[PDB]
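Chemist: So that we are looking at the same thing, I have put the structure below in structure tokens.
There are 2 protein chains.
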Amino acid sequence: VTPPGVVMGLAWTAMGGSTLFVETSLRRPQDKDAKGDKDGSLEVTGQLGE
Amino acid sequence: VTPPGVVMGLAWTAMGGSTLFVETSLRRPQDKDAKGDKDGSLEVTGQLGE
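As they're listed, the protein sequences go chains A and B.
All letters in the first sequence, in the order written, are residues 759 to 808 by the UniProt record's numbering.
All letters in the second sequence, in the order written, are residues 759 to 808 by the UniProt record's numbering.
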């Protein structure tokens, strides 16, 4: 069913190809300040090459 | 059609030359405060050499 925020993705791996999923999630409560103005920094993960 | 904020650009690459584009875009809502006085800091990207 792919609950919100997950998407399928094809990938041309070193052997064959595989239907790797990509996922995301909140990492803190949202309304820390109704006026809050701070960039919603992303934090990537999964053995990234630069 | 070159939608706003994109300009053509010649480049004397390592082999030949190619008409690579340069692109830009807003990264936050601008009117975070109608009175806001913060430097519109740029963020360059694309494997920059210093």
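Built from N, CA and C at the ideal position, the CB exists for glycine as well.
Among A/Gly-767, A/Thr-760 and A/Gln-805, which has the Cα closest to the Cα of A/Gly-775?
Modeler: Comparing Cα-Cα distances from A/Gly-775 to each of A/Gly-767, A/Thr-760 and A/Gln-805, the minimum goes to A/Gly-767.
Chemist: Under 8 Å Cβ to Cβ from A/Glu-801, same chain only, skipping five residues before and after it: list those, please.
Modeler: Once the five neighbours on either side are set aside, the close Cβ partners of A/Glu-801 are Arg-785.
Chemist: Mind reading off the beta-carbon distance from A/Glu-781 to A/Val-759? Whole number of angstroms is fine, and I expect it under 8 Å.
Modeler: Actually they are not in contact, since the Cβ atoms of A/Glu-781 and A/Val-759 sit about 14 Å apart, beyond 8 Å.
Chemist: Work out the CA separation of B/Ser-783 and B/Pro-761 for me, nearest whole Å.
Modeler: The straight-line gap from Cα to Cα measures roughly 11 Å.
Chemist: What residue range does the beta strand (DSSP E) around A/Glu-781 cover?
Modeler: Taken as a continuous stretch (DSSP letters only), the beta strand (DSSP E) holding A/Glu-781 covers 776-781.
Chemist: Between B/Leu-778, B/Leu-806, B/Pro-787 and B/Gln-805, which has its C-alpha nearest B/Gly-798's C-alpha?
Modeler: The candidate whose alpha carbon is nearest that of B/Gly-798 is B/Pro-787.
Chemist: Which same chain residues, not among the five before or five after A/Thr-777, have their C-beta less than 7 Å away from its C-beta?
Modeler: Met-766 and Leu-768.
Chemist: Can you tell me which of the three DSSP states A/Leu-806 falls into?
Modeler: A/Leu-806: coil per DSSP, three-state reduction.
Chemist: Tell me, which residues are paired with A/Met-773 by DSSP?
Modeler: DSSP output for A/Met-773 lists no bridge partner at all.
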